[PDB]
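For this one, two forms of the same chain are given in structure tokens, first as structure 1 and then as structure 2.
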Structure 1
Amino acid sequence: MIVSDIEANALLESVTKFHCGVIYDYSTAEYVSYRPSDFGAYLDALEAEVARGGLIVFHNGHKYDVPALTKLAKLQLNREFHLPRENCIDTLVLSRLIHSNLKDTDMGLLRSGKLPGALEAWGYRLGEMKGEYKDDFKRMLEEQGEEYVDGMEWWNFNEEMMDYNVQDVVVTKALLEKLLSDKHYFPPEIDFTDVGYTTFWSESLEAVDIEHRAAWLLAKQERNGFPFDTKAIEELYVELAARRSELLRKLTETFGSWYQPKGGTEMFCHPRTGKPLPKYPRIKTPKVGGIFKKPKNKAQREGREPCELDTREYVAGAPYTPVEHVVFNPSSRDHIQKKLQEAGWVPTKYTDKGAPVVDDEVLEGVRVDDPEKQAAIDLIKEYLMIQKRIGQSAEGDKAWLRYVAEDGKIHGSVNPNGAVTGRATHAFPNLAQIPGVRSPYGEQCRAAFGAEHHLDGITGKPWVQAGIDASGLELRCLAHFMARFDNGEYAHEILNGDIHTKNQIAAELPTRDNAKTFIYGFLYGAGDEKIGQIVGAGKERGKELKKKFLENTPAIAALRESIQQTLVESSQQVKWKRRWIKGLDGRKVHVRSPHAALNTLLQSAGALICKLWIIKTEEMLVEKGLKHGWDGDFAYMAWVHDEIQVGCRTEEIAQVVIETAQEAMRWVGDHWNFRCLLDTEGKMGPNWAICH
């Protein structure tokens, strides 16, 4: 086993030069440094470890180092280099599995201070090395007079870079040994730093293997990227900007501008009493200035000739209130609240901070006498929505248009195990929150992401898309877990026609989607009123649906109680018996709250099932001769919880991807002895609007 890390000139997207690398070999207990001209030797050493059936440990090597080395070896040495997946270990992947309850800076992409809770020390260190090295580099330049530029610290190799490269390795080594010391994931009877790769995967908890395979597969999906229709989105941006401007014009005509105090420093005091009046706007008492200018002549200084007028504008001692002119901003909840109350509106609900709530619910219910302002409320709702779309598609910091790469794809980032439950998190941009087709502008947004937007490298023909989503996943998970209470009764009922449509009708709800947000909000602990809001009714209607569904399957109560009995010994300050659930693959799953336990249990089950699912799906495809890549037959474009969108070179392949995903899901179900049959629904089409 060896521990390594490299330093190169840029992020994977445009890296073109290997600067250095360090290797720590457990068999020798020594560190070896490779400088820019030792690149060939560095790669030879990694391959030697592979040839010995050994292991290579990186920190974020799955997403960076490994692919980087493959790319740099090709560019710099014209060498083919491909470390096999089974020989690689990633301490970041391990760290995210074992410390799933914690957050991390995602290797410096996120600000430490903005994250909640604590951060693991070693990993925190590794994530700060880049910014830390940059500070030392800058400090040294300003020490020698030289100026600093953009990011010149990475243009050339230097010994300071080399030293950091060495530190990463000693720190990665320490992190590794810390993770290996966790008895829950690694049996104590085995020295995992002294075994071949097969032993490492077979002797460690199943979760260790799953996490590394998921990260490797997902690293690849990131590189693939999601084919994006830039043109279509820029045209949508124009249309949305026009609508925004029009709404702003109408809203500003209706709600005029006004003045507010701003820039006041001193306290206003009663001229007579002299007592401070903190509630009065802050003021400013000029120090210089009068009606006339100070006398400049002798006689003028005696009252011979009138003094020059002081064009100034202020008079010493004469206080005034500094103000600013403010124009109505439909995006300002504060502005909206101000104008509506000035129109007669009397707020009913306020925030825990005192501000009146101004969301779509209240706006919908606001009633003011003036008919023009009453109508303006709709323009405001539309406006807030238009902004939501513009921000996500064009103007936000993570706007799609700011992320399209040269290859015409958006390479969304994914933290395979970012959520406590074992689900992944998506960001930069978040491809897991694209507006749905049935929401305003949804079809246009959704259609911009699609295989059709990718033209085959050889034939120039657009690729096809295969979208597969697991059927009623978390409800089937529920059936599985309560089977010990109802003997698979629910597990059988659930597959008698669509479960959500069956509930939709029974609950008398408008859409199938509404039935979904209802059942899950209900299943996971929503209160009577929350259930009302979801179904567009009151707390009264909430209690009904609650007792109706809870009465229909009393196993829900039994499952909830058993979970409590297992986690809580006493209880909001809680006394825990155990604070974690045992996931399907053996991992510990932190429970934040007794009340949320059921959600932890089911979301986790669904997450691990889906994770093993996408892994098994790709493997089955590869064993069928299909190659993963734009230069092949298929390409993973996105994984949104229990759904995958795959680009395929041909319809035939798309048909096979859909059927293979179904075989894989059933394999996963059999693999973990699930008490409910698992299924998937697939669709073939040009983009995401049609494939989901």
Structure 2
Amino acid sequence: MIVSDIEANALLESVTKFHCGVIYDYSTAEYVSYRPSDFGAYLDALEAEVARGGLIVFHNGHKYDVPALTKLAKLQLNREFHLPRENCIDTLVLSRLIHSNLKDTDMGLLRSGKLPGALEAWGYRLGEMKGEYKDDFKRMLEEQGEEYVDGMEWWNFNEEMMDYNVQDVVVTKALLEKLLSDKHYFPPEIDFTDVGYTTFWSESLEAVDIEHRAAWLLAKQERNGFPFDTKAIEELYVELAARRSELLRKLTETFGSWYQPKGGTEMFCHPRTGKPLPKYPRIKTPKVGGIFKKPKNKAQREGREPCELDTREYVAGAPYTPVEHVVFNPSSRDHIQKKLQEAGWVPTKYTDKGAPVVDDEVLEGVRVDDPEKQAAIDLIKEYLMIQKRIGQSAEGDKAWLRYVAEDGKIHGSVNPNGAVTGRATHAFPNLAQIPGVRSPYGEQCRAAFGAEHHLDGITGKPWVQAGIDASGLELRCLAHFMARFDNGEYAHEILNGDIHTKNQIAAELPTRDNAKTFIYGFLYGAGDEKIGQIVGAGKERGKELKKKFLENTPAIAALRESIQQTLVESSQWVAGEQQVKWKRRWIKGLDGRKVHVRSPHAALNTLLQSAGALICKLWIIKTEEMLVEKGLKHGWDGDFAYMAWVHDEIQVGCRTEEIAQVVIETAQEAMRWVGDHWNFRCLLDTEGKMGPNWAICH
């Protein structure tokens, strides 16, 4: 086994030069450094480890180092380099599995200070190395006199870079050892730093293998990217911007601008007494200014000529209140609230900090006498929605148009194990939060994401999209877990017609989507009021629905009961939270990992969300593997390409319809496989849609 890391001139997409690398060999207990000209020797060594059926350990190597080495080996040495999956270990992947309850800085992309809770020490250091190095470089660049530009720190190799390169490895080695010492994932009778690759995977908790496969597959997906119709979203931005302009025109006309105190340093004091009056806006007593300026002539100095008048403005001693002129901003809930109250609106919902709630829900119900202002409300709601679309599609810091790459695709990031439950997280941008096809402008947004927007590299023909989603996943997960209580009744009934549509009819809801929001809100202990809000009624309609549905599957209580007994010893209830005494603070996931439980009231959700997340994770894995054992190639230069994974859904680009039909059928076989793999008490299924884009495929 060996621990390694490299230093190059840029992130994966733009990297074109290997600066250096380091390898620690457990078989020799020694570090070896490689410089620019040692590149070939570096690759040899790594390949030597593979030849011995060994293991290579990288921290974030799966997403960066490995694919990068492949890219540089070709560009720089015109050599084919491809470390097999089974030979690679990633401590960032391991760290995220074992410390799932914790956050990390996604290798320096996020700010530690903005992250809640603690951060594992070794990983924190690794994620800050690029920044600490920049500081150390930007410093030596001042001691010598030169100035600093962009990110020159990475343009050329230097021994300062080499030193960090070495420390990364010594630090990655410690992290590796710390992680391996956890007896829950690695049996203690085995030295995992002295075993062949097949042994490392087979002797460790199934979870270790799954996570490394997911990460390997997902890094590939990132590289693939999601074919994006830049032009279309570009024209939509033009449409939305015009509409925002018109509403702003009407709104600023309906609600006039106004002034406000601003910049007041000193405090206003009573003239009579001297009593400071905090209530009054802060003031500013200038000490520079007068009627005329100081004399400039012999005449002025003598009074024979009026001194130059002072065009200053202020007059030393004369206190004034500085103010700013503000123009009505529809995006400011503070403004909306101010204007609406001045029109007779009386809020009936405030926040923890006493601020009157101003969301669409309350706006929807606001009523004022003035017809014009009353109508302005409908314009404010539109403006907010329009803005939301612009924010996400063009203007925000993570807007689609700011992330489309040269290859006409958006390479969103994925943290395969970013959520406690085992779900993944998505960002830059979050391709898992794209407006639903049925929401305002949903179709246009969704349609801009699609295989059709990618043209085959050889024929120039548009690719086809294959969309697959697990059917009623978490509800089938519930059925599995309560099977020991209802002997599989629910697991059987859930299969009589679509479950959500059926529930929709029973609850008399308007859409299937609304049945999904209801049932899950219900299953996870939403109060009567919230249930009302979800279905558009009140607390009574909520209590009704709770009984009506809990009455049907009373076993849900039994399950809830057992989860409580297994986790909690006893619990109280103070003034700012619940004080709990735990028997065990975690749940054993389907692949054996520990799944931290944050709260007793969320235990069931932790159980079912985790089961769904791990089922789906094993699923996308088995699916790609079946496609591959079928002779299909993963890549735009092949037959299919994973474009996105949205929890229990996958969107795959295909070279031809035929391939898309096979992908769809295969995903289905895969789902059933997984269900059999963990002896699930509820049959698992998936629904597949062939089409041009995301709007048609989900």
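Numbering for residues begins at 1 and runs along the sequence of structure 1. The term rigid core refers to the most C-alpha atoms you can superpose between the two forms while keeping them within 1.5 Å.
- Item | Which of 291, 75, 327, 375 is displaced between the two structures by 2 angstroms or more at its C-alpha, rigid core aligned | It is 291; the other listed residues stay below 2 Å.
- Query: In degrees, what is the turn of the smaller rigid part relative to the larger one between the two structures?
  - Reply: In whole degrees, the smaller rigid segment turns 14.
- Message: If I align on the rigid core, how far apart are the two C-alpha positions of residue 303 between the two structures? Answer in Å.
- Response: Once the two forms are fitted on their core, the shift reads 7.1 Å.
- Message: Please give the CA displacement of residue 525 between the two structures, in Å, after core superposition.
- Response: Displacement of the alpha carbon, after core fit: 1.2 Å.
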